[PDB]
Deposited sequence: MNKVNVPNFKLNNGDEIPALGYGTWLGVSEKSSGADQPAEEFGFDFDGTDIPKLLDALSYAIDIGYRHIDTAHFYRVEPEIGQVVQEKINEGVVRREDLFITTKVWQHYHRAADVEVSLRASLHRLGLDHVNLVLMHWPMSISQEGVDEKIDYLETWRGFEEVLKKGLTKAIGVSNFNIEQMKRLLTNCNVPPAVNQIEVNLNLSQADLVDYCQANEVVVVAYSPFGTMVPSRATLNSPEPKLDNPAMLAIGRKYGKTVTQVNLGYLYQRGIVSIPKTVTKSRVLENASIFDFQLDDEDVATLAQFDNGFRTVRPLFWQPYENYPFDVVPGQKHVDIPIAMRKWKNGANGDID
């Protein structure tokens, strides 16, 4: 029903250009919508989604793996058709711990291997908020170890800045396949994106709607909002909604998107974005929305070594970002 194209990774594998996000939010982690997430996942797989993005931190690996196993039992997919990502959090940054974190995630998900595993953030932080000051290069030796053990078909990073990427690419034995980071119309990350793509690292955009959608549109957050006349106008021109223009723009930059939704019509809508070329004029308009506004800026991590973003001077990590139970 939907046909999702694939980008090629620097390790020979394919990654679908759109994936299904599974984080429900600290909006106190909110488990209420788990059933809707699962039912919208099952529907996503029925219509042709294959890429699923998840993480230890998202609490729901056991439930995702159950859905996956059901879809395989029903004959809708084989394992080999799916691209599944998970991620290792900040308390498992010693080299030997990557294997423990990932084997556990793999047990939760019910899998022999994932397609991709990421270093969720470059900071090394204990469960009590101690900065363990472990170099991400040491952590990366563990990613390289779990790769050689066949626990994952690919290794990557998330929230690495251009400096961290450069240092990682200069020192690694196996390069990262992806850098997963925030990209949207207000935060284009042009330089980081260009640097990644010049080095054959694929960029995967989380929070691809930024503050455009009403769930995140807090006042004085920037345009575009869903009513934006220029967005709507670009919409009418190619026969698309505003969210579809947004995702198609990212697609057209060669960037993979992982929107999140619990709503089946959005699942379907989000995937109908591969049949239009935005022209030079509309690209230039869309580029004008870029203004450095970061939707996801966890100020509690500023003091840690390897915090990746620019520090706002003059500023306790909540418990839900350090300790939790799964399933």
Problem - Where the deposited sequence has no C-alpha coordinates (positions from 1, in order) - result: 1 to 2, 30 to 44, 333 to 335, 348 to 353
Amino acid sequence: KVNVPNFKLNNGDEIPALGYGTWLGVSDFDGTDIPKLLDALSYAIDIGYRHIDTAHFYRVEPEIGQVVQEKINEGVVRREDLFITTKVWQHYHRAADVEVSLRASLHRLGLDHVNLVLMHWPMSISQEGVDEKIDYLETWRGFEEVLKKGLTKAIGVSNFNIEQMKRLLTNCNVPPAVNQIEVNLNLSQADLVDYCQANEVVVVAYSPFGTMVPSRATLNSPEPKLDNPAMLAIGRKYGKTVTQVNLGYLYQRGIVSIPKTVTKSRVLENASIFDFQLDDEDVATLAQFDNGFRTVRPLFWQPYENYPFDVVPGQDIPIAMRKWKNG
From here on, numbers count along this sequence of modelled residues.
Practice task
Could you check the entry and say whether 61 to 69 or 267 to 275 has the higher mean CA B-factor?
Solution key: 267 to 275
Handout entry: Of 233 to 241 and 94 to 102, the stretch whose C-alpha atoms average the higher B-factor in the entry
Key = 233 to 241
Practice task
Going by the CA temperature factor in the entry, name the top one among 223, 138, 112, 163.
Solution key: 223
Exercise for the section: By the entry's C-alpha temperature factors, tell me which of 258, 41, 299, 55 sits highest. Expected result: 299
Fill in the blank from the handout: Among the modelled residues of its chain, the C-alpha B-factor of residue 208 falls in the third labelled middle
Completion exercise
Chain-relative C-alpha B factor for residue 88 (record values, thirds): the lowest
Fill in the blank from the handout: Chain thirds by Cα B factor, record data; residue 119 belongs to the lowest
Fill in the blank from the handout: On the chain's distribution of Cα B-factors, residue 214 falls within the third called highest
Exercise for the section: Classify residue 199 as lowest, middle or highest third according to the C-alpha B-factor given in the PDB entry, relative to its own chain. Expected result: lowest
